[PDB]
Structures are given as C-alpha cells and as structure tokens.
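*Asks:* A single structure is presented below for examination.
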Amino acid sequence: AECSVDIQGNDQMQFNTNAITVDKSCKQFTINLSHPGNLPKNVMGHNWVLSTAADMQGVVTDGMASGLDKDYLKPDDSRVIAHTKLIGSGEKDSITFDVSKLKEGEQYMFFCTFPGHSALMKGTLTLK
Ligand SMILES: [Cu+2]
C-alpha cells in the first residue's frame, strides 16, 4: 500500500484534509506539506505536527509560547510524535517518520501550532 500523503495549508488557515489514514503495513510514512498562499511565514506560517489526541492542547499551548524561532514548538517536547518544519507562502517541507510510533487503535491528531491556527487547522490520523 502507499505510505505518503500530500497536504496544503493556505492563507485562509485551512488544511486540505482533516483525516489521514496510515496503512497498517507501512513501516514509514511521509508527509509532504506545501503552502499555496501568498502570506509570509511570520504571519501565516504552517507546520504539520502529530501527537496523541490528549497531548494536542499541551503541545499547541507550549508551542505558541516558544516563538517563531523555535517553529512554535517547545524544545525537546516528547509529546510530539513527528512534525514538519514551519513554512510560509511558496515553501514546502517533507518529513518521514517511523510507523512504529503509531499503535493500532490509538487516537492521534495533526495540527498547526502557529498562534491561533490549531482550532481551524487540525485533523485525525489513524492506522488502518
Ligand atoms: Cu498554520
């Protein structure tokens, strides 16, 4: 089965998906994030950040506090399972992580940790 997904975040604070499925036979999974908007990183930056559903609020809250130079993530935040870098208009970033980090049946959320974005830019990730 395929083990990648392409995702976009725009100037309207939208991701173009709110549900990601990772096939259970994948050993790695790749997220290709792009920003088709016109606004720069420092006002409309987007990352793709993955945690358990329960950890999302904490990661987002400490993330906002950490500032732009830390990609809006608290340093050494063990709650973050995987994440792209933060990007603005016309940029793209890819990450590849181990599916060994994703247990069957557990509930995961992906979201942007740029200030104010997460309520609008979030979705589920599940293994199937
Ligand atoms: Cu964002």
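Just so it is clear, chain A uses Swiss-Prot numbers, and the residues here are 21-148, in order.
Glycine is treated like the rest: Cβ placed from N, Cα and C.
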*Asks:* Candidates are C46, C132. Which one does Swiss-Prot pair with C23 through a disulfide bond?
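*Replies:* Here Swiss-Prot pairs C23 with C46 via a disulfide bond.
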*Asks:* Looking at Swiss-Prot, which one out of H55, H66 binds Cu cation in the same site as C132, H137, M141?
*Replies:* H66
*Asks:* If I take the alpha carbons of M141 (Cu cation binding site) and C23 (disulfide bond), what is the distance between them in whole Å?
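*Replies:* Cα-Cα, rounded: 22 Å.
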*Asks:* Which entry in the list of binding-site residues, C132, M141, has its Cβ near the fewest other Cβ atoms, using 10 Å as the limit?
*Replies:* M141
